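Student: Structure: data.cif, mmCIF, C-alpha atoms and all ligand atoms.
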```cif
data_query
#
loop_
_atom_site.label_atom_id
_atom_site.label_comp_id
_atom_site.auth_asym_id
_atom_site.auth_seq_id
_atom_site.Cartn_x
_atom_site.Cartn_y
_atom_site.Cartn_z
CA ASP A 342 0.00 0.00 0.00
CA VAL A 343 2.03 2.94 -1.32
CA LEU A 344 0.05 4.90 -3.92
CA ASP A 345 -1.76 4.68 -7.27
CA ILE A 346 -0.77 7.78 -9.27
CA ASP A 347 0.48 7.52 -12.85
CA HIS A 348 1.18 10.33 -15.33
CA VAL A 349 -1.30 9.44 -18.10
CA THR A 350 -4.77 9.36 -16.47
CA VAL A 351 -4.48 10.76 -12.92
CA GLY A 352 -2.54 13.76 -11.66
CA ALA A 353 -0.65 14.59 -8.46
CA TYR A 354 -2.35 17.98 -8.02
CA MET A 355 -3.95 17.03 -4.70
CA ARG A 356 -0.72 15.53 -3.35
CA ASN A 357 1.35 18.53 -4.44
CA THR A 358 -0.99 20.86 -2.55
CA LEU A 359 -0.05 19.17 0.75
CA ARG A 360 3.58 20.30 0.33
CA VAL A 361 2.93 24.01 -0.29
CA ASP A 362 0.87 24.61 2.87
CA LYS A 363 2.65 25.14 6.19
CA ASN A 364 -0.41 24.48 8.39
CA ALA A 365 -0.67 21.05 10.04
CA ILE A 366 -2.94 21.24 13.10
CA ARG A 367 -6.59 22.20 12.78
CA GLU A 368 -5.98 25.20 15.05
CA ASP A 369 -3.44 26.50 12.53
CA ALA A 370 -5.96 26.25 9.69
CA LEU A 371 -8.63 27.94 11.82
CA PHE A 372 -6.26 30.79 12.71
CA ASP A 373 -5.29 31.19 9.05
CA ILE A 374 -8.94 31.30 7.97
CA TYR A 375 -9.75 33.85 10.68
CA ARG A 376 -6.80 36.01 9.62
CA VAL A 377 -7.87 35.82 5.97
CA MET A 378 -11.45 36.76 6.87
CA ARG A 379 -10.84 39.39 9.58
CA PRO A 380 -7.38 40.83 8.84
CA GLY A 381 -5.45 42.72 11.49
CA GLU A 382 -6.80 41.13 14.67
CA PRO A 383 -5.33 38.68 17.20
CA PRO A 384 -7.01 35.35 16.44
CA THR A 385 -8.17 33.06 19.23
CA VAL A 386 -9.31 29.44 19.25
CA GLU A 387 -12.67 30.40 20.77
CA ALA A 388 -13.62 33.20 18.36
CA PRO B 105 -1.91 45.41 57.29
CA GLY B 106 0.85 46.35 54.83
CA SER B 107 4.36 47.77 55.05
CA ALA B 108 3.99 51.10 53.22
CA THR B 109 1.76 54.14 53.66
CA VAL B 110 0.19 56.32 50.95
CA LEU B 111 3.28 58.55 50.82
CA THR B 112 6.20 56.09 50.58
CA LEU B 113 4.79 54.33 47.51
CA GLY B 114 7.47 53.89 44.85
CA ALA B 115 7.46 52.38 41.39
CA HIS B 116 7.09 48.61 40.96
CA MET B 117 5.20 48.10 44.22
CA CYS B 118 1.84 46.71 45.28
CA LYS B 119 -1.08 49.14 45.43
CA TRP B 120 -3.97 47.01 46.70
CA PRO B 121 -5.69 49.04 49.44
CA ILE B 122 -6.27 47.45 52.84
CA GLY B 123 -8.76 48.90 55.31
CA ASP B 124 -10.58 52.22 55.03
CA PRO B 125 -8.92 55.41 53.70
CA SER B 126 -10.97 57.48 56.18
CA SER B 127 -9.71 55.31 59.06
CA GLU B 128 -6.62 55.57 61.27
CA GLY B 129 -4.49 52.81 59.77
CA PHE B 130 -4.68 52.57 55.97
CA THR B 131 -1.67 51.23 54.06
CA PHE B 132 -0.79 49.03 51.09
CA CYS B 133 1.18 45.81 50.72
CA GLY B 134 4.25 47.34 49.07
CA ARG B 135 6.04 44.27 47.73
CA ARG B 136 7.71 43.12 44.51
CA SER B 137 4.84 43.83 42.10
CA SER B 138 6.51 45.08 38.94
CA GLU B 139 4.70 45.11 35.55
CA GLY B 140 1.39 45.47 37.36
CA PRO B 141 -0.52 47.80 39.69
CA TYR B 142 -1.63 45.07 42.09
CA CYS B 143 0.38 42.18 43.52
CA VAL B 144 0.45 38.57 42.37
CA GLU B 145 -1.50 37.50 45.46
CA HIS B 146 -4.29 39.95 44.58
CA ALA B 147 -4.03 39.95 40.77
CA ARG B 148 -6.10 36.74 40.71
CA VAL B 149 -8.77 38.10 43.09
CA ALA B 150 -9.09 41.56 41.55
CA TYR B 151 -9.32 40.77 37.83
CA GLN B 152 -11.96 38.44 36.43
CA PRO B 153 -10.78 34.90 37.26
CA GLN B 154 -10.90 32.32 34.47
CA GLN B 155 -11.05 34.82 31.61
CA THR B 156 -13.22 33.22 28.89
CA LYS B 157 -14.57 35.76 26.41
CA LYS B 158 -14.67 35.94 22.61
CA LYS B 159 -16.70 37.52 19.83
CA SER B 160 -16.61 38.20 16.08
CA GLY B 161 -14.33 40.54 14.17
ZN ZN C 401 -1.57 43.53 47.68
#
```
Have the structure of the file written as structure tokens, please.
Tutor:
Amino acid sequence: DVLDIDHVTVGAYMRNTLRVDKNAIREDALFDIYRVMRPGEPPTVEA
Amino acid sequence: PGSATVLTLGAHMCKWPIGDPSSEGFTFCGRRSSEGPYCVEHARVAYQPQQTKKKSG
């Protein structure tokens, strides 16, 4: 069980997207989304 | 009772009042309480304990 991705029918676009993002934990993604939505404000896990 | 009156109150000292200002003996703690008006022993009783507040922005 390694992978099933060739270069003729399927692409590695989804896999390549996991190497450009620097966010790993869900809190990091939530903070990034909050910063993108409400810029210039200290994000918190509750808000 | 504290160890400093209302006159000998320097910088980086406790300022939590004890007693009544209109009474005979009214002083403050006067301890190592830098980076804050009140002391560490009273900072948790003065401010809102367990700060849990959030809204939208
Ligand atoms: Zn005090």
Student: If I take atom CA of residue 343 of chain A and atom CA of residue 362 of chain A, how far is one from the other in Å, to one decimal?
Tutor: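 Going from atom CA of residue 343 of chain A over to atom CA of residue 362 of chain A, I get 22.1 Å.
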Student: Pick the closest to residue 132 of chain B from B:144, B:108, B:117, B:150: which is it, counting all atoms listed in the file?
Tutor: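 Checking each of B:144, B:108, B:117, B:150 against residue 132 of chain B, counting all atoms listed in the file, the winner is B:108.
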Student: Residues of chain A within 8 Å of chain B, counting all atoms listed in the file - could you list those as number ranges by chain?
Tutor: A: 379, 382, 385, 387-388
Student: To one decimal in Å, tell me the separation between atom CA of residue 136 of chain B and atom CA of residue 152 of chain B.
Tutor: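 Computing the Euclidean distance for atom CA of residue 136 of chain B and atom CA of residue 152 of chain B yields 21.8 Å.
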Student: Counting only C-alpha atoms, figure out which residue out of B:155, B:118, B:126, B:111 gets nearest to residue 143 of chain B.
Tutor: B:118
Student: Is it possible to get the axis-aligned box enclosing segment 359-373 of chain A (all listed atoms, 3 Å extra per side) as AutoDock Vina command-line options, with centre and edge lengths in Å rounded to one decimal?
Tutor:
```
--center_x -2.5 --center_y 25.2 --center_z 7.4 --size_x 18.2 --size_y 18.0 --size_z 21.3
```
Student: For residue 116 of chain B, work out the shell of residues within 10 Å, counting all atoms listed in the file and skipping chain neighbours fewer than 5 positions away, then give it as a list in words.
Tutor: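 In the requested format, the answer is residues 134, 135, 136, 137, 138, 139, 140, 141, 142 and 143 of chain B.
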Student: Just give me the gap between atom CA of residue 345 of chain A and atom CA of residue 363 of chain A in Å, one decimal is fine.
Tutor: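 If I compute the distance from atom CA of residue 345 of chain A to atom CA of residue 363 of chain A, I get 24.9 Å.
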Student: List as a PyMOL selection string the protein and nucleic acid residues near residue 383 of chain A, meaning an atom at most 10 Å away when all atoms listed in the file are counted, but skip any in the same chain fewer than 6 places from it.
Tutor: (chain A and resi 372+375-376) or (chain B and resi 161)
Student: Can those selected residues be exported to a file as an mmCIF file, in the frame of the given file so that it contains C-alpha atoms?
Tutor:
```cif
data_model
loop_
_atom_site.group_PDB
_atom_site.id
_atom_site.type_symbol
_atom_site.label_atom_id
_atom_site.label_comp_id
_atom_site.auth_asym_id
_atom_site.auth_seq_id
_atom_site.Cartn_x
_atom_site.Cartn_y
_atom_site.Cartn_z
ATOM 1 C CA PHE A 372 -6.260 30.790 12.710
ATOM 2 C CA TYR A 375 -9.750 33.850 10.680
ATOM 3 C CA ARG A 376 -6.800 36.010 9.620
ATOM 4 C CA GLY B 161 -14.330 40.540 14.170
#
```
Student: Which polymer residues have any atom within 12 Å of an atom of segment 354-361 of chain A, counting all atoms listed in the file, with same-chain residues fewer than 6 positions away left out, as a PDB file with C-alpha atoms, keeping the file's coordinate frame?
Tutor:
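Contents of selection.pdb, as written:
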```
ATOM      1  CA  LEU A 344       0.050   4.900  -3.920  1.00  0.00           C
ATOM      2  CA  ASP A 345      -1.760   4.680  -7.270  1.00  0.00           C
ATOM      3  CA  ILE A 346      -0.770   7.780  -9.270  1.00  0.00           C
ATOM      4  CA  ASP A 347       0.480   7.520 -12.850  1.00  0.00           C
ATOM      5  CA  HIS A 348       1.180  10.330 -15.330  1.00  0.00           C
TER       6      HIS A 348
END
```
